[PDB]
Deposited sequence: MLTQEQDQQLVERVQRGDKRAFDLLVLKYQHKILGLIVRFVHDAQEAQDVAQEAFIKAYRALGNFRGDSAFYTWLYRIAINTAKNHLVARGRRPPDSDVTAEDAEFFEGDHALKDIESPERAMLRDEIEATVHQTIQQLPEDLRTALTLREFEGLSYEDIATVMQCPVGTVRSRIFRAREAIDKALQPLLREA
């Protein structure tokens, strides 16, 4: 459960935690939906419908599956029902996005990707190591603190500082 802490608050009735989960996953859900509908505005509408349907179904979210898996399945159901009701209009790789998305958005993504990787390349090693152990090895702060032989609070601050450096480079682009 990659979203354990926000999911815990959602299950205590917290709308703000759900909003953060929408922010985290909206691009993945939009990218899924656009493979079904092949229209930019229609994809946004149906992706929005999927999130509201998921919200309204939270009573049935028991925490047995990962939140994203539960959300993904609802988005698939939403897209399917949308298409079956709509009928014929009057999926692999990046074909759908490349055809539908704004060309300016692809140019911005190219810039953002180069900037993220350049910022990480230039980080001090303690920051890049803490971030990589967290993001790609999945280690908890405690286990990172053990591997790097530092206090757990230093792991927390190092990961924060690494994300802030990336974010400061991305802020003008966004």
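Enquirer: So which bits of the deposited sequence did not make it into the model?
Expert: 1-4, 95-106, 191-193 are the stretches of the deposited chain that have no C-alpha coordinates in the structure.
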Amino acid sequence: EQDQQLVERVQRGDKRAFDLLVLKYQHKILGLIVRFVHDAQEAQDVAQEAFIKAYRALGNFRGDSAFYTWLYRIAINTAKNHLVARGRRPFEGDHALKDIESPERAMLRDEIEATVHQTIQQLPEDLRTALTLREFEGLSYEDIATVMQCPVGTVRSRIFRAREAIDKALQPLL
From here on, numbers count along this sequence of modelled residues.
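Enquirer: Compare the mean C-alpha B-factor of 113-121 with that of 130-138 as given in the PDB entry, and name the stretch with the higher value.
Expert: The entry gives the higher C-alpha B-factor average to 113-121.
Enquirer: Between 28-36 and 62-70, which has the higher average C-alpha B-factor in the PDB entry?
Expert: Mean CA B-factor is higher for 62-70.
Enquirer: Which third of the chain does residue 2 land in by C-alpha B-factor: lowest, middle or highest?
Expert: For residue 2, the deposited C-alpha B-factor lands in the middle third.
Enquirer: According to the PDB entry, is the CA B factor of residue 9 in the bottom, middle or top third of its chain, that is, lowest, middle or highest?
Expert: It falls in the middle third of the chain.
Enquirer: Could you say whether, by C-alpha temperature factor, residue 144 belongs to the lowest, middle or highest third of its chain?
Expert: It belongs to the lowest third of the chain when residues are ordered by C-alpha B-factor.
Enquirer: Test of reading the entry: by CA B factor among the chain's modelled residues, which third contains residue 43?
Expert: For residue 43, whose C-alpha B-factor we compare with every modelled residue in the chain, the answer is the highest third.
Enquirer: Looking at the C-alpha B-factor of residue 107, is it in the lowest, middle or highest third of its chain?
Expert: It falls in the top third of the chain.
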